[PDB]
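Comments concern the structure below.
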Amino acid sequence: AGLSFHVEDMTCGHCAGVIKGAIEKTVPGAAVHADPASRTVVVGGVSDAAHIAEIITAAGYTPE
């Protein structure tokens, strides 16, 4: 029961590693699970959504 982000234009298998590490590194404890197969990134527990959104955009994978 955390935050969910969905990106259609996200290249799969080349983003999950970046986004997962990027969020987890700055957000300790909270578990980050990125699934490029579903094109969805989920962060459990609690996290600043604004910071995650900057991370996803910074990785260059934003939705239409």
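How things are named: the first chain in the structure tokens is A, the next is B, and so on; residues count from 1 in each chain; ligands count from 1 in the order shown.
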Q. Could you name the residues that touch residue 42 (chain A) at 9 Å or less, counting only C-alpha atoms, but leaving out those on the same chain fewer than 4 positions away, as a VMD selection string?
A. chain A and resid 2 to 6 31 to 35
Q) If you run DSSP on the backbone, which residues of chain A are strand (DSSP E), as a PyMOL selection string? A) chain A and resi 3-6+32-35+40-43
Keeping only N, CA and C atoms, write those residues as a short mmCIF file (atom, residue, chain, number, x, y, z; two decimals), in the first residue's frame.
data_model
loop_
_atom_site.label_atom_id
_atom_site.label_comp_id
_atom_site.auth_asym_id
_atom_site.auth_seq_id
_atom_site.Cartn_x
_atom_site.Cartn_y
_atom_site.Cartn_z
N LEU A 3 3.02 3.97 -3.18
CA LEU A 3 2.80 4.77 -4.38
C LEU A 3 2.94 3.93 -5.64
N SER A 4 2.12 4.23 -6.64
CA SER A 4 2.18 3.51 -7.91
C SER A 4 2.32 4.48 -9.08
N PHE A 5 3.28 4.21 -9.95
CA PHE A 5 3.48 5.01 -11.15
C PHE A 5 3.48 4.13 -12.40
N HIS A 6 2.83 4.61 -13.45
CA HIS A 6 2.66 3.82 -14.67
C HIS A 6 3.12 4.61 -15.89
N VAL A 32 11.34 -0.54 -2.99
CA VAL A 32 11.02 -0.11 -4.35
C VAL A 32 10.99 -1.31 -5.30
N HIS A 33 9.85 -1.51 -5.95
CA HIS A 33 9.69 -2.60 -6.90
C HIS A 33 9.27 -2.08 -8.27
N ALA A 34 10.20 -2.07 -9.21
CA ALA A 34 9.90 -1.66 -10.58
C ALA A 34 9.73 -2.87 -11.49
N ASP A 35 8.60 -2.92 -12.19
CA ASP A 35 8.33 -3.99 -13.13
C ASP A 35 8.11 -3.43 -14.54
N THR A 40 5.19 -0.63 -14.79
CA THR A 40 4.69 0.00 -13.57
C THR A 40 5.74 -0.04 -12.47
N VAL A 41 5.91 1.09 -11.77
CA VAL A 41 6.82 1.15 -10.64
C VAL A 41 6.06 1.40 -9.34
N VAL A 42 6.25 0.50 -8.37
CA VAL A 42 5.56 0.60 -7.09
C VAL A 42 6.54 0.80 -5.95
N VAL A 43 6.26 1.77 -5.09
CA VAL A 43 7.07 2.00 -3.90
C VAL A 43 6.25 1.81 -2.63
#
**Q.** Pick from A:45, A:38, A:1, A:52, whichever lies nearest to residue 23 (chain A) using only C-alpha atoms
**A.** A:52
Q | Long-range neighbours of residue 12 (chain A) as a PyMOL selection string, 8 Å cut-off, only C-alpha atoms, 5 positions minimum in chain | A | chain A and resi 36-37+39
Q | Straight-line distance linking CA of residue 60 (chain A) with CA of residue 48 (chain A), stated in Å to one decimal | A | 19.0 Å
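Picture a line from CA of residue 46 (chain A) to CA of residue 24 (chain A); it runs 11.7 Å.
Computed from the coordinates, the CA of residue 44 (chain A) to CA of residue 11 (chain A) distance equals 22.5 Å.
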(Q) Quick check for you: according to DSSP on this backbone, which residues of region 15-60 of chain A are classed as alpha helix (DSSP H)? Reply as a ChimeraX atom specification. (A) /A:16-26,49-58
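For residue 22 (chain A), the non-local neighbours within 10 Å, defined as residues at least 2 positions apart in the same chain or in other chains and counting only C-alpha atoms, are residues 16, 17, 18, 19, 20, 24, 25, 26, 27, 32, 52, 55, 56, 58 and 59 of chain A.
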Deliver the residues from the most recent selection as a file, using N, CA and C atoms, as a CSV table (one decimal), in the first residue's frame.
chain,number,residue,atom,x,y,z
A,16,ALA,N,14.2,-0.3,-15.0
A,16,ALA,CA,13.8,-0.8,-13.7
A,16,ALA,C,15.0,-0.7,-12.8
A,17,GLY,N,16.2,-1.1,-13.3
A,17,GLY,CA,17.4,-1.0,-12.5
A,17,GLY,C,17.7,0.4,-12.0
A,18,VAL,N,17.6,1.3,-13.0
A,18,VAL,CA,17.9,2.7,-12.7
A,18,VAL,C,17.0,3.3,-11.7
A,19,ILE,N,15.7,3.2,-12.0
A,19,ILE,CA,14.6,3.8,-11.1
A,19,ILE,C,14.6,3.2,-9.7
A,20,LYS,N,14.7,1.8,-9.7
A,20,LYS,CA,14.7,1.1,-8.4
A,20,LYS,C,15.9,1.6,-7.5
A,24,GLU,N,15.4,3.9,-4.1
A,24,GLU,CA,15.9,3.2,-2.9
A,24,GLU,C,17.0,3.9,-2.2
A,25,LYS,N,17.9,4.4,-3.0
A,25,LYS,CA,19.1,5.1,-2.5
A,25,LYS,C,18.8,6.3,-1.7
A,26,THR,N,17.8,7.0,-2.1
A,26,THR,CA,17.4,8.2,-1.4
A,26,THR,C,16.3,8.0,-0.4
A,27,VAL,N,15.6,6.8,-0.6
A,27,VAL,CA,14.5,6.5,0.3
A,27,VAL,C,14.8,5.1,1.0
A,32,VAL,N,11.3,-0.5,-3.0
A,32,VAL,CA,11.0,-0.1,-4.4
A,32,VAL,C,11.0,-1.3,-5.3
A,52,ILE,N,10.1,11.0,-6.3
A,52,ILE,CA,10.1,9.8,-7.2
A,52,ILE,C,9.7,10.3,-8.6
A,55,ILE,N,12.7,11.5,-10.2
A,55,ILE,CA,13.6,10.4,-10.5
A,55,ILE,C,13.2,9.8,-11.8
A,56,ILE,N,11.9,9.5,-12.0
A,56,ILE,CA,11.4,8.9,-13.2
A,56,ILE,C,11.6,9.7,-14.4
A,58,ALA,N,13.8,12.1,-14.6
A,58,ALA,CA,15.3,12.2,-14.8
A,58,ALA,C,15.8,11.0,-15.5
A,59,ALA,N,15.2,9.8,-15.4
A,59,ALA,CA,15.6,8.6,-16.1
A,59,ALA,C,15.1,8.7,-17.5
